[PDB]
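from the sequence below, what's the structure:
(3 chains, ligands or ions: 2)
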Amino acid sequence: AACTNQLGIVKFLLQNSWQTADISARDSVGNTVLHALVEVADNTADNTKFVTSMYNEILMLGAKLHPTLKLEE
Amino acid sequence: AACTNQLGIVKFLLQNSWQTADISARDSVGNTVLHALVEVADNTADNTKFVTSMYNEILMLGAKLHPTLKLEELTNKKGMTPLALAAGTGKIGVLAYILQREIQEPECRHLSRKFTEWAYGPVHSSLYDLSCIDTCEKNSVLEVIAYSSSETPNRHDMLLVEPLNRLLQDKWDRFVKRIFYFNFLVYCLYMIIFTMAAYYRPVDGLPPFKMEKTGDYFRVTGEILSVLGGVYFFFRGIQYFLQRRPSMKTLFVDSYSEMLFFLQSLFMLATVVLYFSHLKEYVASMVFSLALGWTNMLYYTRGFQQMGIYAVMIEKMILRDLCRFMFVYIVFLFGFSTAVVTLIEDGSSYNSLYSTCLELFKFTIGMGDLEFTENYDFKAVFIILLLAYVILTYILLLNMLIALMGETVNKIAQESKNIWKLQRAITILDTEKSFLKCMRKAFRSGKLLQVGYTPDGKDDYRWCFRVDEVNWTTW
Amino acid sequence: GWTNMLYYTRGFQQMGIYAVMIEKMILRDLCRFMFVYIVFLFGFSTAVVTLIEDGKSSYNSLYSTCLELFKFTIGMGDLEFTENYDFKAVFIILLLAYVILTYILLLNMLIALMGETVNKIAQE
Ligand SMILES: CCCC[N@@+]1(CCCCCN2CCCC[C@H]2C(=O)Nc2c(C)cccc2C)CCCC[C@H]1C(=O)Nc1c(C)cccc1C
Ligand code: NA
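Residues are numbered from 1 along each chain as shown, chains lettered A, B, ... in the order given. Ligands and ions are numbered 1, 2, ... in the order given. See below for the structure:
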């Protein structure tokens, strides 16, 4: 959801009622959501625009949900 | 009605109530309406605009009225399809439209030529139809663009349209690069054998020479191999002159490599003729065939991108800056040489036009002597003439030549790259068309994929070339 | 050793950019020019040595004649260095062709290409 520019869907998947996704869950290579978000960027205009935008969005969401978690480290 | 940008009248003439105009009707030349739409285009912006739009509309209408009619494939009396005609005549906007024609309407979607295949997330695979583009057919777009004469405009810019550049690069990287390198190596070996057979030539007596020592066996082997190489290049040049049937202007403006290799072969044959006629002069001919030989290796620089662009620039300078510079320079040099010889009394006797031209040319080299000067009668006149010659040619013309080359370089950055691409394209087509059936069909391009369903209902198989793309909008 | 002091030009902005441009030329332009120039020089040197009969500085060797034709590039060449052939016209034609191709065409074209490269690598 992050790497395909659905802000609504990621907001839902983080703040639903049935089951909320883990923000700091890592994949096979060990990437969080932020690592994959970085690795999808390719230094163009709109791509950089939305990657930076949703990077910021996920930072605010993580600060709200887990204020004691330093997601970026 | 179509060529005048009148959509309504076209729709009426096709979908009226009293008499419908035929859509496959042909004129005296045999051109259909699509051929005419192609010949109307002149590569300008608005013209290409409505020609593409009207081609689209009339093709869709032809599909709707006649789903069983392949309008795009109809040929005129030249057997020359609308795509083929657009390629040959040099209409680039129409070609760019046709080769990337993508139609959204599912009822006639089979018309299009660029098919998206899967669009997971932001990535798209695309198939470009290669029918009547690859060399396997006759009058293919690639062959027609490559073997086009000099007059056809946009000749080396028609080859940047998708998928043509990618298709040619795929042919190259897949099987043509290896063959080109092997040819390069064989030519290098031929030139080395020729060079070392020339270097150790016998110097005593008249030709031919009695093969006596052990090394003489090696030398006659090298001589034979050089003669075979020369005759092979001679016959290859003759085959070129027969295959392409080029005009005199085309020969003298756009076949320089073929002309040069042919000329070197001519020099080799003259060398053989003289050598078997007991003449020292054979060496002269042989020597020229040597120099050209090594020079001709710059041909193979087209296999490499940087060096290919470099050699293209070399040619552009030779053909446009150096020629005019040499004309002016010859005028000045001959004028002042005649003047100086007129001053000079009984002449290293410099009372001949050749010797004085040689001195005044030494001035251009950077080895000019101002003091071969004991044999005139007026020192002031002589030195004024020499200073005038120096200032005009050495200081003015040469630096002006440097400046003009700088300007030309700044002016042909892109044309050089396009010309190199076209040179490599000619190399690829010639290499491919010069093999056997087994290998040629063993290295066709693209797959025989399933596009979709023809309006008849059955499957549609098209030789499609696959291209991967990413887009960060239009989800 | 001495030509490694250009390394320390890093510490000064103008000289550092200058040395970076020197590197860029050596890699972009000089290599291509040298390849083409070597091809031409070797071809014409082989032709001239073949034409030249018994050398007896006895330029009937490939090395000495390559050196003689290289002298032209540095503005010090001699158009009549041997007199030891059988066809003066062929010798002169070859030397004039070499001078026109390399001294006039190639070297000035190299200057032009360095000019363009300077224009294009101002910020890099
Ligand atoms: C100036 C011709 C270059 C044009 N050419 C030929 C390149 C192969 C050998 C060229 N050699 C190599 C060295 C540099 C110059 C030249 C040469 O030997 N000079 C020369 C002479 C005449 C006498 C004595 C001594 C010398 C050095 C480039 C590639 C394809 C064949 C042809 C061409 O036709 N190119 C093209 C096409 C296909 C289509 C459209 C337009 C164009 C321009
Ligand atoms: Na000098």
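
which ones are touching the closest residue to chain C within chain A?
Proximity of chain A to chain C (CB to the nearest CB) peaks at residue A:43, 16.6 Å away. Using the backbone N, CA and C atoms, a C-beta is placed for each residue, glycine as well. Not one residue lies near residue A:43 by CB atoms under 8 Å, 6 or more residues apart in numbering or on different chains.

now do the phi/psi pair for it.
phi 60, psi 60 (degrees, to the nearest 10).

quick one: it from residue A:52, how far?
Residue A:43 sits 12 Å away from residue A:52, going by CB to CB, to the nearest Å.

residue A:70 too?
In terms of CB to CB, residue A:70 sits 20 Å off from residue A:52.

now swap in residue A:33 and tell me
Distance from residue A:33 to residue A:52, by CB to CB: 14 Å.

tell me which of the two has more neighbours.
residue A:33 (25 against 12; other CB atoms under 10 Å in any protein chain shown).

my read is that the more buried one contacts residue A:22, right?
No. Taking CB atoms under 8 Å as the definition, residue A:33 is not a contact partner of residue A:22, at 9.5 Å.

for ligand 1, what's its nearest residue on chain A.
residue A:44 (35.7 Å; CB to the nearest ligand atom).

what's the nearest residue to that residue if we skip its chain neighbours?
Using CB to CB, 6 or more residues apart in numbering or on different chains and skipping residues adjacent in sequence, the residue nearest residue A:44 is residue B:472, 6.6 Å away.

so which helix or strand takes in residue C:80?
Residue C:80 is part of no helix or strand when elements are defined by DSSP states H and E.

state the number of residues packed around it.
A count of neighbours around residue C:80, defined by other CB under 10 Å, yields 12.

roughly how far apart are the nearest residue to it once chain neighbours are set aside and residue B:352?
Once flanking residues are discounted, residue C:80 sits nearest to residue B:358: 7.8 Å by CB to CB, 6+ apart. Distance of residue B:358 to residue B:352, given as CB to CB: 9 Å.

now swap in residue C:68 and tell me
With CB to CB as the criterion, residue C:68 and residue B:352 are 25 Å apart.

mind listing the helices for chain A?
According to DSSP state H, chain A carries its helices in the segments A:7-14, A:33-40, A:45-65.

what angle do the last one and strand B:459-470 make?
If I follow you right, that is helix A:45-65. Here helix A:45-65 runs at an angle of 70 degrees relative to strand B:459-470 (axes from the mean of the first three to the mean of the last three CA atoms, to 10 degrees).

packing partners of helix A:45-65?
Helix A:45-65 makes packing contacts with helix A:7-14, helix A:33-40 when contacts are defined by 3 or more CB pairs under 8 Å, 6 or more residues apart in numbering or on different chains; DSSP states H and E.

for the first one, which positions count as buried?
For helix A:7-14, the buried set under the neighbour-count rule, 16 or more other CB atoms under 10 Å in any protein chain shown, comprises A:10, A:14.

so residue C:24 is in which element?
Assigned by DSSP H and E, residue C:24 belongs to helix C:13-25.

helix or strand next in line after that helix, which one?
Immediately after helix C:13-25, counting by DSSP H and E, sits helix C:31-51.

give me every residue that touches residue C:84.
By CB under 8 Å, 6+ apart, the neighbours of residue C:84 are C:52-55, C:59-60.

need the contact list for whatever residue of chain C ends up closest to chain B.
Using CB to the nearest CB, the closest approach of chain C to chain B is made by residue C:43 at 2.6 Å. Contacts of residue C:43 were listed using CB under 8 Å, 6+ apart, and they are B:290-291, B:293-295, B:297.

roughly how far apart are the nearest residue to it once chain neighbours are set aside and residue B:384?
Leaving aside its sequence neighbours, residue C:43 sits nearest to residue B:294 (CB to CB, 6+ apart; 2.6 Å). Noted for residue B:294: a distance of 43 Å to residue B:384, by CB to CB.

which residues sit against the strand or helix carrying residue C:89?
Per DSSP H and E: residue C:89 is located in helix C:88-98. With CB under 8 Å, 6+ apart as the test, helix C:88-98 has contacts from B:284, B:287-288, B:291, B:361, C:40-41, C:44, C:47-48, C:51, C:69, C:72, C:79, C:82, C:85.

let's see 7 Å
The contact list for helix C:88-98, computed with CB atoms under 7 Å, 6 or more residues apart in numbering or on different chains, reads B:284, B:287, B:291, C:44, C:47-48, C:51, C:69, C:72, C:79, C:85.

show me what residue of chain A gets nearest to ligand 2.
Residue nearest to ligand 2 within chain A (CB to the ion): residue A:43, separated by 51.9 Å.

also chain C?
residue C:75 (4.2 Å).

part of a strand, is that residue?
No. Read with DSSP: H, G, I helix; E, B strand; the rest coil, residue C:75 is coil and lies in no strand.

mind checking how far it is from residue C:30?
Using CB to CB, we find residue C:75 at a distance of 18 Å from residue C:30.

kindly report the same for residue A:42.
Taking CB to CB, one finds residue A:42 at 34 Å from residue C:30.

looking at those two, which is more packed in?
Just comparing residue A:42 and residue C:30: by other CB under 10 Å the higher neighbour count belongs to residue C:30, 16 against 10.

okay, the contacts of residue C:43 in JSON lines with distance to residue C:21 next?
Below are the contacts of residue C:43 laid out as JSON lines (distance: CB to CB, whole Å):
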{"residue": "B:290", "distance to residue C:21": "39"}
{"residue": "B:291", "distance to residue C:21": "36"}
{"residue": "B:293", "distance to residue C:21": "37"}
{"residue": "B:294", "distance to residue C:21": "33"}
{"residue": "B:295", "distance to residue C:21": "32"}
{"residue": "B:297", "distance to residue C:21": "31"}
